[PDB]
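Encoded as structure tokens, here's the structure I'll be asking about.
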Amino acid sequence: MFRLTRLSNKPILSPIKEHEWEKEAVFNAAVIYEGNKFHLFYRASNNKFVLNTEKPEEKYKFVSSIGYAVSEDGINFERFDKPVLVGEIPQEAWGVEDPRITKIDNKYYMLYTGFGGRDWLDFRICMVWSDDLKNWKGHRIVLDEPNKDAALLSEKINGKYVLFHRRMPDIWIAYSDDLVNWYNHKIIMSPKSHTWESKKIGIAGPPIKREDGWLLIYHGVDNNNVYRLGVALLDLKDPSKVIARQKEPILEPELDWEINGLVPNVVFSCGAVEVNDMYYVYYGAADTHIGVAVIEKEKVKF
Amino acid sequence: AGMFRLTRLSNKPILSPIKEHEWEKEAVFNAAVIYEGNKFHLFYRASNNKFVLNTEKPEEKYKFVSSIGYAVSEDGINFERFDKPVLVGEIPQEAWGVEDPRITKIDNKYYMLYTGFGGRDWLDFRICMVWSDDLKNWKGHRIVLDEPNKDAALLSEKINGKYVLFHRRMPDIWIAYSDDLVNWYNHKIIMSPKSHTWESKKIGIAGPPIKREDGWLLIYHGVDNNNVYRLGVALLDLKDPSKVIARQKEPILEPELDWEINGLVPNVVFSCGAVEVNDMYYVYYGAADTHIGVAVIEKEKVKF
Amino acid sequence: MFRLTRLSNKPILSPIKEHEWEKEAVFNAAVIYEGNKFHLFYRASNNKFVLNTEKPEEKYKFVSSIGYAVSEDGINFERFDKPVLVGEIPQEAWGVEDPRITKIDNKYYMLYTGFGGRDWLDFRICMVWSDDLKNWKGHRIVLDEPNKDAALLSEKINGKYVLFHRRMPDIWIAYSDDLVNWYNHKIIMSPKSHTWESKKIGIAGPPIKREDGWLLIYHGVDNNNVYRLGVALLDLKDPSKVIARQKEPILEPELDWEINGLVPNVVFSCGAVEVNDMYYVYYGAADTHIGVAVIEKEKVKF
Amino acid sequence: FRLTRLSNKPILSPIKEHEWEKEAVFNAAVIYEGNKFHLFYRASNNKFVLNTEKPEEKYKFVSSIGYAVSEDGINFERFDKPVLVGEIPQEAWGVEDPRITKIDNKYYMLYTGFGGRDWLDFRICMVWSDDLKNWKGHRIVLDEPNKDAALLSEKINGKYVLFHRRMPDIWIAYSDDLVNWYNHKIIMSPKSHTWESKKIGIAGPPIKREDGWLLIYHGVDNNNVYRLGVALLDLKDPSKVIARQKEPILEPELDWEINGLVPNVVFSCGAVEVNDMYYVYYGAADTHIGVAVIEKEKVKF
Ligand SMILES: OC[C@@H]1O[C@@H](O[C@@H]2[C@H](O)[C@H](O)[C@H](O)O[C@H]2CO)[C@@H](O)[C@@H](O)[C@@H]1O
Ligand SMILES: OC[C@@H]1O[C@@H](O[C@@H]2[C@H](O)[C@H](O)[C@H](O)O[C@H]2CO)[C@@H](O)[C@@H](O)[C@@H]1O
Ligand SMILES: OC[C@@H]1O[C@@H](O[C@@H]2[C@H](O)[C@H](O)[C@H](O)O[C@H]2CO)[C@@H](O)[C@@H](O)[C@@H]1O
Ligand SMILES: OC[C@@H]1O[C@@H](O[C@@H]2[C@H](O)[C@H](O)[C@H](O)O[C@H]2CO)[C@@H](O)[C@@H](O)[C@@H]1O
Ligand SMILES: [Zn+2]
Ligand SMILES: [Zn+2]
Ligand SMILES: [Zn+2]
Ligand SMILES: [Zn+2]
Ligand SMILES: [Zn+2]
Ligand SMILES: [Zn+2]
Ligand SMILES: [Zn+2]
Ligand SMILES: [Zn+2]
Ligand SMILES: [Zn+2]
Ligand SMILES: [Zn+2]
Ligand SMILES: [Zn+2]
Ligand SMILES: [Zn+2]
Ligand SMILES: [Zn+2]
Ligand SMILES: [Zn+2]
Ligand SMILES: [Zn+2]
Ligand SMILES: [Zn+2]
Ligand SMILES: [Zn+2]
């Protein structure tokens with residue numbers, strides 16, 4: 001069994017008080033390694049998160065945006081003044097959350113949760129795409145249902161686009177010919193009772209291709225809503241089949257900025273990249289900061 | 001294999017929703033059919049909305065309402081339709097509407113069995129029944145069984161002076177008998193799903209059984225572990241329709257076309273009605289809970 | 001990868017309409033093999049089982065009794081005119097259910113469900129014992145709580161008596177110094193979501209000792225309340241640890257009198273014995289009849 | 001280090017003649033005043049069916065708080081009737097696990113009020129007295145399923161300090177006024193794959209030392225065994241744990257700690273410094289009260 005190792009005992013990205021769109025939280029970041037650079041697309045909030053009201057209240061409204069950051073080394077990032085993605089009004093009035101970015105044939109697809117704030121089920125999987133990581137277009141609701149924790153596979157299977165999603169509480173898979181209409185829905189992995197992953201699970205970042213399968217980092221939620229990261233392996237030719245699944249988490253809230261924050265007891269990844277035989281896993285910490293942790297590819301054994 | 005299958009009559013739906021009609025804005029599907037007066041009489045389920053089914057409870061913000069529409073055809077392919085549904089859910093006992101009608105003619109009366117859905121929880125459904133003399137003036141509504149239950153049809157004649165009801169306490173096809181079309185007794189399971197097959201999660205009757213010389217033709221739907229709906233066939237003993245004397249292993253219809261694979265509920269073919277015309281079985285089927293198609297098989301090809 | 005084979009396509013015991021106490025059902029039978037004879041202690045009902053009322057109602061009252069039958073060949077049994085155990089009033093006023101009998105040293109312990117009918121939770125694990133399978137005494141409430149599916153291990157572990165029980169929906173284990181007071185409660189086995197054993201599980205008969213561990217036949221209930229038998233293997237020295245568990249059931253309702261009956265879709269075993277290098281598994285069918293199915297001991301492989 | 005029991009027998013046990021303490025006496029708060037041990041103990045009229053989907057009227061148990069006094073800390077005098085019972089519907093199933101803290105010249109008793117309507121229908125409640133006899137001013141401390149609550153015996157920077165237990169951690173919070181709590185944070189967490197893996201909660205109120213605040217706590221393992229552990233809080237900032245012992249200081253060992261209404265439980269709501277010793281009173285199997293001690297000089301991390 002193997003574990004992620006943190007590159008820092010401090011966040012690598014933290015809120016910026018003088019930018020309203022990110023003055024309270026930066027977390028749950030997609031990442032893509034291209035042009036020998038880490039391109040990070042992070043969720044950012046203008047406010048703390050009041051989640052225990054009967055409905056989302058205007059007086060506690062938070063708005064998520066997607067910011068951009070770039071790094072040579074994966075640790076030190078240059079950041080920018082304005083977010084690169086904001087929500088459309090009114091269906092995404094409370095913003096755009098938890099992006100997962102997948103490259104498929106020289107196009108970049110960002111899958112995110114659009115949240116309208118009209119009730120606590122007013123969220124859905126949305127998708128935009130670009131050819132340059134810069135000019136995002138083609139917005140669509142991927143599944144018109146309350147759903148999230150979505151990612152595209154980086155290649156087609158038998159000609160079909162492959163979507164991971166999360167009808168509560170399982171990781172689901174589905175297929176598409178046109179990136180519009182989805183079919184062959186199937187549960188692929190389920191929570192495990194009396195474990196750290198008992199309440200619900202969901203995909204982390206998009207799966208990483210290996211020789212032995214697709215690496216599926218995921219998050220598991222226990223009975224007290226603690227988020228941890230786990231890891232499984234999907235079959236290479238049929239990624240709807242799980243062929244291995246580690247019992248122990250690979251990352252858990254441990255540092256004080258992972259245990260305490262806007263949402264306590266959370267580590268959460270929307271993105272991970274392979275650079276020089278190392279997996280770099282970017283993670284939100286307590287829905288407040290961003291950390292990064294790694295594992296050598298050789299140590300990934302099932 | 002040495003099996004038989006339906007042949008689609010057309011590669012496009014024979015009925016589609018109409019966006020300008022609220023009551024059939026998103027879906028027309030799961031249709032009852034009666035051949036009378038040399039006309040196909042089709043009674044289709046229609047929905048005003050998509051089907052969000054993954055919530056823990058039915059949510060009013062995702063409410064869908066099913067109505068039952070009427071369409072009529074001479075060739076079984078091209079249908080005339082109408083502005084308004086012929087049956088709606090009475091509010092609030094059938095607040096989310098009336099679903100999947102099955103129509104059976106017995107002694108010059110027509111009996112429409114449908115699922116009434118109140119939407120108060122996911123078990124808030126029941127078999128209801130209305131009847132008519134003329135396929136036009138439905139009346140006599142009743143709850144057939146006071147229990148969560150659906151996939152119900154009456155047999156077209158009595159057996160030893162008893163009415164025969166097919167129903168579906170999850171996950172099996174059940175039979176039951178009545179003297180008065182009000183009280184049912186001697187409930188028995190007659191057919192069950194088969195593990196590790198296309199019909200593993202649950203089964204239910206399709207349309208009402210069709211009388212043959214060799215028995216009762218029982219088209220049914222089977223649901224696999226991923227909730228794909230396919231159609232199968234079995235044969236019931238002519239004198240005792242509680243006994244299955246044959247059952248084909250492989251389905252006779254399954255999602256193939258894009259408008260059967262993709263739709264409001266992906267991967268569904270579902271029949272509520274099939275009729276014998278000029279020694280062919282015309283099987284009308286909902287497709288992805290969105291459109292209606294028709295498939296056929298020559299009566300002589302039904303061999304087990 | 002292994003399954004039971006029915007010895008008969010008809011019940012070996014059925015209700016006796018002339019006997020009020022066993023007029024509607026005989027099922028869920030404990031089994032002891034002694035004196036070259038099969039001893040069956042079967043649940044018997046005077047009535048069908050209406051269960052869908054807010055509370056247990058006198059007009060739907062059913063009474064469970066425990067009858068006895070004995071067989072040399074395992075198929076033809078000698079039966080008796082009256083039951084050998086009936087419920088004490090008021091705590092067992094609706095009778096005594098699903099006995100499991102374990103021989104520990106030279107005493108036989110029968111654990112059964114006493115059902116008082118005062119509420120749907122008005123049931124508990126009770127125990128009586130005998131040295132001769134004839135004179136039962138020493139009645140006690142094993143756990144003073146709603147609980148069932150109980151059996152004693154046939155020997156002590158580290159000087160402790162071992163109890164298997166079923167706080168919903170798991171198979172539990174507990175230990176005792178004195179067969180009165182129980183401690184070290186532990187979940188040992190849980191349902192598995194999206195399978196035939198998703199809703200709940202419970203022990204079948206008392207576990208059978210093998211060289212490679214304890215054979216733990218159990219029942220699993222799916223989302224449609226279908227009851228099937230499965231099989232696991234517990235560690236020989238620490239039976240609280242499961243070392244193997246077959247994925248597929250070993251017995252499922254298939255025959256008309258297993259699928260149809262007072263409670264549809266049930267096969268349920270309260271006893272299994274080893275006879276001539278074969279396991280004999282007696283089972284209730286549709287809570288109405290008793291069947292028997294076997295497996296050659298050499299075919300029990302995980 | 002570890003605690004040492006003073007008796008291999010309970011020092012308090014249920015009295016079947018008294019309905020309110022018919023089945024159990026356990027989880028007792030204590031303070032030392034007037035050179036007397038004042039013990040405030042939870043008491044139940046019934047066994048504890050916990051495995052139902054919701055709490056059932058047919059299996060209802062009612063906790064009361066009783067009073068007992070001792071001079072040696074071992075032999076206690078007891079009384080016919082409880083001192084606190086549930087008055088209102090939020091306390092329909094009674095009042096549980098009191099922790100008493102003296103701040104300025106007043107005594108505050110924080111306890112769990114349990115309404116029995118569902119298994120989350122429990123709240124941290126508080127009453128207070130001048131005299132340990134007349135409790136007043138009942139309030140819900142936090143309007144949320146929470147328990148294992150205690151007040152610090154002093155203010156920090158003029159703020160009252162509350163320890164609580166949003167599952168599964170020990171939390172701290174601050175109040176200007178004992179009404180509104182803010183700056184909630186997690187100060188200590190379970191350790192997975194150990195005796196304290198499933199959840200932890202404060203025991204009695206922390207005891208002031210010169211090296212910090214002594215934080216006895218209970219840990220719960222994967223099989224629901226309750227044991228006691230000990231940690232040390234920074235003296236000036238009790239949100240900071242500066243030491244924590246790996247192994248328990250008390251676990252079920254005697255037969256009336258292993259066996260009982262809730263097996264495999266030792267649990268303390270109360271401990272006091274008396275003659276250079278910590279006296280740790282504990283419930284055992286949620287059925288009896290025992291007491292164990294440690295020489296304060298022996299407390300080393
Ligand atoms: O998309 C909105 C989203 O909701 C939150 O997720 C969960 C949800 O609101 C509910 O409260 C559930 O029981 O717990 C929350 C997570 O465990 C967060 O993901 C939040 O950041 C988002 O706005
Ligand atoms: O009668 C309501 C009915 O429910 C749906 O049926 C199924 C049910 O909701 C459950 O979710 C099952 O597992 O999946 C659905 C179909 O498999 C639909 O039939 C729906 O159209 C109806 O309103
Ligand atoms: O001990 C009474 C016992 O109850 C039944 O078990 C279950 C129970 O009544 C409840 O309805 C639950 O939801 O499902 C039942 C079985 O799945 C039977 O075991 C019955 O025969 C017994 O009297
Ligand atoms: O305040 C009610 C309280 O509940 C019990 O606590 C726990 C709870 O019911 C739940 O079942 C948990 O998993 O285990 C119980 C103890 O670990 C007891 O503390 C009980 O005495 C109280 O009444
Ligand atoms: Zn700026
Ligand atoms: Zn959107
Ligand atoms: Zn699931
Ligand atoms: Zn998630
Ligand atoms: Zn772990
Ligand atoms: Zn029109
Ligand atoms: Zn109706
Ligand atoms: Zn059906
Ligand atoms: Zn095909
Ligand atoms: Zn007789
Ligand atoms: Zn009893
Ligand atoms: Zn469980
Ligand atoms: Zn059971
Ligand atoms: Zn299977
Ligand atoms: Zn007295
Ligand atoms: Zn209160
Ligand atoms: Zn606690």
Side-chain angles (χ1 to χ4, degrees), chain A residues 157-160 175-177 181 183-184 186-187 190 241-242, chain B residues 1 3 5-8 11 171 192-203 222-232 250-263 266-269 285 287-288 293 295, chain C residues 1-4 13-24 26 42 44 46 65 67-70 77-84 86 191-199 201 218-224 226-232 245-254 265 267 302:
Chain A
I157 296 301
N158 304 135
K160 306 176 180 311
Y175 302 82
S176 192
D177 306 321
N181 297 287
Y183 59 91
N184 285 359
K186 169 187 169 172
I187 294 168
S190 288
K241 307 203 107 134
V242 175
Chain B
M3 317 214 195
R5 66 187 297 104
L6 301 183
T7 307
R8 288 158 181 83
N11 67 352
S192 311
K194 299 180 176 173
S195 277
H196 312 297
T197 71
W198 66 273
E199 50 187 336
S200 66
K201 179 184 293 213
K202 54 189 163 177
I203 53 163
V223 185
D224 73 8
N225 204 61
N226 306 309
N227 276 103
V228 180
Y229 280 64
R230 297 169 170 101
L231 306 185
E250 285 305 273
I252 66 167
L253 192 74
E254 62 185 322
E256 287 297 343
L257 311 183
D258 183 69
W259 51 277
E260 307 166 348
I261 297 274
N262 282 298
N267 302 92
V268 175
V269 288
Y285 65 93
Chain C
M1 198 133 37
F2 64 87
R3 294 193 263 301
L4 303 178
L13 287 81
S14 285
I16 306 279
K17 302 283 151 213
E18 297 82 13
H19 293 163
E20 206 81 35
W21 61 275
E22 51 173 0
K23 173 170 63 155
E24 294 294 339
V26 310
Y42 59 91
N46 67 346
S65 305
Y68 173 82
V70 63
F77 284 78
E78 195 62 37
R79 290 171 75 170
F80 295 75
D81 210 66
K82 289 300 174 210
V84 300
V86 297
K192 308 191 149 291
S193 64
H194 304 286
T195 72
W196 63 272
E197 46 179 343
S198 63
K199 183 179 245 193
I201 60 172
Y218 64 97
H219 51 276
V221 190
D222 69 10
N223 209 53
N224 301 321
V226 180
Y227 278 66
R228 298 170 174 93
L229 303 183
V231 71
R245 181 179 179 174
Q246 173 161 300
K247 180 162 168 303
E248 290 298 305
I250 67 178
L251 193 72
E252 328 184 22
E254 286 174 23
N265 292 321
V267 292
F302 299 85

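These values consider heavy atoms only, across backbone and side chains, with no hydrogens, waters or symmetry-generated copies. Both ligands and their constituent atoms are indexed starting at 1 by order of listing. Each chain gets a letter, A, B and so on, in the order its sequence line appears, and its residues count up from 1.
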>> Within rounding of 10°, what is the angle whose vertex is the Zn ion (ligand 18) and whose arms end at NE2 of B:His196 and OE1 of C:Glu248?
In response: 60°

>> Can you confirm whether more than 12 heavy atoms, excluding those of A:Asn184, are under 6.0 Å from its CG atom?
In response: yes

> Would the number of heavy atoms belonging to other residues, nucleotides or ligands and lying under 6.0 Å from NZ of B:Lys194 be above 12?
Replying inline: yes

>> Could you report the tightest heavy-atom contact between C:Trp196 and C:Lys247, atom names first, then the distance?
In response: NE1-O, 2.9 Å

> With C:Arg228, which of C:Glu197, C:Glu252, C:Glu248, C:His219 fulfils side chain to side chain donor-acceptor pair (under 3.5 Å)?
Replying inline: C:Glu252

>> Over 60° means perpendicular and under 30° means parallel, so tell me whether C:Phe302 and C:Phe2 are parallel, tilted or perpendicular.
In response: perpendicular

> Of all heavy-atom pairs between C:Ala44 and C:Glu22, which one has the smallest distance, and what is that distance?
Replying inline: CB-CB, 3.7 Å

> Closer than 2.8 Å to the Zn ion (ligand 13), how many protein N/O/S atoms do you count?
Replying inline: 2

> Which atoms form the tightest heavy-atom contact between B:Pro193 and B:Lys202, and what is the distance?
Replying inline: CG-CA, 3.8 Å

>> So, at under 2.8 Å, which protein N, O or S atoms would a careful student list around the Zn ion (ligand 14)?
In response: C:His19 NE2, C:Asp81 OD1

> Does NZ belonging to C:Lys17 count more than 12 external heavy atoms closer than 6.0 Å?
Replying inline: yes

>> Counting only heavy atoms from other residues, nucleotides and ligands, does the tally under 6.0 Å from CZ of B:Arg8 exceed 12?
In response: yes

>> On a heavy-atom basis, which atom in B:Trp259 and which in B:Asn11 lie closest, and how many Å separate them?
In response: NE1-O, 3.0 Å

